[PDB]
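Chemist: Got my_file.txt for you, compact mmCIF, C-alpha atoms:
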# COMPACT_ATOMS: atom_id res chain seq x y z
CA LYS A 25 10.46 12.86 -20.19
CA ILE A 26 10.79 9.87 -17.86
CA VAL A 27 9.06 9.77 -14.46
CA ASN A 28 9.65 7.31 -11.62
CA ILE A 29 6.58 5.66 -10.08
CA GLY A 30 6.37 3.48 -6.96
CA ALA A 31 3.93 0.92 -5.56
CA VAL A 32 3.56 -1.71 -2.83
CA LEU A 33 3.12 -5.34 -3.90
CA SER A 34 3.26 -8.60 -1.97
CA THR A 35 4.76 -10.78 -4.72
CA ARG A 36 7.15 -9.87 -7.52
CA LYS A 37 5.36 -11.45 -10.46
CA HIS A 38 2.89 -8.63 -9.79
CA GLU A 39 5.90 -6.29 -9.89
CA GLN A 40 6.85 -7.70 -13.29
CA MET A 41 3.25 -7.20 -14.45
CA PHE A 42 3.47 -3.64 -13.09
CA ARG A 43 6.63 -2.93 -15.08
CA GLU A 44 4.97 -4.57 -18.10
CA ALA A 45 2.05 -2.16 -17.72
CA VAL A 46 4.58 0.68 -17.40
CA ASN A 47 6.05 -0.40 -20.75
CA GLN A 48 2.52 -0.75 -22.15
CA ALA A 49 1.59 2.82 -21.21
CA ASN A 50 5.05 3.93 -22.42
CA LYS A 51 3.63 3.84 -25.97
CA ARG A 52 2.44 7.42 -25.40
CA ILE A 58 6.19 11.10 -22.31
CA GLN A 59 8.15 8.24 -20.73
CA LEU A 60 7.68 6.22 -17.55
CA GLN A 61 9.89 4.57 -14.94
CA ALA A 62 9.09 1.98 -12.27
CA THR A 63 11.09 1.78 -9.04
CA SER A 64 11.62 -1.24 -6.80
CA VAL A 65 8.56 -2.22 -4.74
CA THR A 66 7.93 -4.72 -1.95
CA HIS A 67 5.58 -5.50 0.94
CA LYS A 68 6.23 -6.87 4.43
CA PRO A 69 4.12 -7.26 7.59
CA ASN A 70 6.53 -4.75 9.12
CA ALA A 71 5.41 -1.40 10.51
CA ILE A 72 8.98 -0.24 11.18
CA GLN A 73 11.31 -1.61 8.49
CA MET A 74 8.93 -0.79 5.63
CA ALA A 75 8.52 2.76 6.94
CA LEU A 76 12.31 2.88 7.19
CA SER A 77 12.62 1.77 3.56
CA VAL A 78 10.06 4.44 2.52
CA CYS A 79 12.71 7.18 2.57
CA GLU A 80 15.28 4.76 1.11
CA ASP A 81 13.04 4.42 -1.93
CA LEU A 82 12.18 8.13 -1.72
CA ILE A 83 15.87 9.05 -2.01
CA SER A 84 15.28 9.21 -5.78
CA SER A 85 13.72 12.64 -6.35
CA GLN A 86 11.42 11.51 -9.16
CA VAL A 87 8.85 9.14 -7.59
CA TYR A 88 5.68 11.22 -7.81
CA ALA A 89 2.97 8.63 -7.08
CA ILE A 90 2.93 5.30 -5.24
CA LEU A 91 0.45 2.50 -4.59
CA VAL A 92 -0.41 0.48 -1.47
CA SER A 93 -1.66 -3.09 -1.25
CA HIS A 94 -2.41 -5.18 1.83
CA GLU B 69 22.22 11.74 29.44
CA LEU B 70 22.22 12.63 25.75
CA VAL B 71 23.71 15.03 23.22
CA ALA B 72 21.89 17.49 20.98
CA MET B 73 21.91 17.48 17.19
CA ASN B 74 20.57 20.24 14.92
CA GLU B 75 18.67 17.82 12.70
CA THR B 76 15.00 17.73 11.76
CA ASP B 77 15.14 14.41 9.87
CA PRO B 78 12.59 12.11 11.57
CA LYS B 79 14.07 8.89 10.19
CA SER B 80 17.33 9.96 11.84
CA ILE B 81 15.32 10.36 15.05
CA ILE B 82 13.98 6.82 14.59
CA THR B 83 17.49 5.46 14.07
CA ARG B 84 18.43 7.35 17.24
CA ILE B 85 15.53 5.58 18.97
CA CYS B 86 17.07 2.31 17.80
CA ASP B 87 20.38 3.71 19.09
CA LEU B 88 18.84 4.22 22.54
CA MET B 89 17.41 0.70 22.42
CA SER B 90 20.93 -0.47 21.56
CA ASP B 91 22.03 1.50 24.63
CA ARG B 92 19.64 -0.96 26.31
CA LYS B 93 18.55 1.29 29.18
CA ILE B 94 15.75 3.27 27.54
CA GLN B 95 12.08 2.85 28.44
CA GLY B 96 10.68 6.34 27.94
CA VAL B 97 12.06 9.69 26.85
CA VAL B 98 11.23 13.30 27.66
CA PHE B 99 12.51 15.40 24.77
CA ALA B 100 11.62 18.38 22.61
CA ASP B 101 12.90 20.62 19.81
CA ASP B 102 13.22 24.36 19.24
CA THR B 103 10.86 24.45 16.26
CA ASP B 104 7.08 24.48 15.73
CA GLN B 105 6.53 21.14 13.97
CA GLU B 106 3.39 19.17 14.81
CA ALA B 107 4.43 16.69 12.11
CA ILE B 108 6.89 15.13 14.55
CA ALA B 109 4.03 14.91 17.07
CA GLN B 110 2.10 12.99 14.42
CA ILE B 111 5.22 10.83 13.94
CA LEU B 112 5.24 10.18 17.69
CA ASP B 113 1.57 9.15 17.43
CA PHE B 114 2.50 6.86 14.53
CA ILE B 115 5.46 5.18 16.20
CA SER B 116 5.91 5.72 19.93
CA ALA B 117 2.18 5.44 20.57
Represent the structure from my file as C-alpha cells, please.
Modeler:
Amino acid sequence: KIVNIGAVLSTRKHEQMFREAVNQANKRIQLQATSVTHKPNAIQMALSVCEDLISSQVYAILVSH
Amino acid sequence: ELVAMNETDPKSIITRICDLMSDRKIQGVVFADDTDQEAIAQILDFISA
C-alpha cells in the first residue's frame, strides 16, 4: 500500500526532513518519497518533470520558490 | 526542411526544438499537427512565447 509523493525544495536538508515526515506519517497504508530539487531554470526543471513523472505512482507534488 | 513524426509527446517536441537550435539555423517555425489538441497551444504559450 505504498504511494510515491513528490515535492520541490531548494535545499536537501529540507528533503531529508520531508522524508522524515513521510516516515512519521508512515505510522498509519504506506508512503514513498521521490527525489526532489529546485533550480532557477524554466526549461531544465520542466524537462526533469517528466523524468520524475516516469514513475507511475507520484500522485501529488509540492512547489516552493 | 524537416521530417514528420507521428508523436504527440510534447517533451519530445521540446527536445526537437533543442535539435533545431543545434541545427543552428532556426529562428521561428511554422508547424502544425493533424489532431485537435489545444494543450500543445498552451505549451507553446508556456515555452515559445
Chemist: Once you count all atoms listed in the file, which residues of chain A turn out to be within 9 Å of chain B? Could you give them as a PyMOL selection string?
Modeler: chain A and resi 71-72+75-76+79
Chemist: Tell me which of A:64, A:48, A:77, A:86 sits closest to residue 35 of chain A, counting all atoms listed in the file.
Modeler: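 Closest to residue 35 of chain A of all the choices is A:64.
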Chemist: Let me have the centre and edge lengths in Å, one decimal, of the box along x, y and z around every listed atom of segment 27-33 of chain A with 3 Å of margin on each side, as lines of an AutoDock Vina configuration file.
Modeler:
center_x = 6.4
center_y = 2.2
center_z = -8.6
size_x = 12.5
size_y = 21.1
size_z = 17.6
Chemist: Have a look at A:40, A:61, A:66, A:84 and name the one nearest to residue 28 of chain A; count all atoms listed in the file.
Modeler: A:61
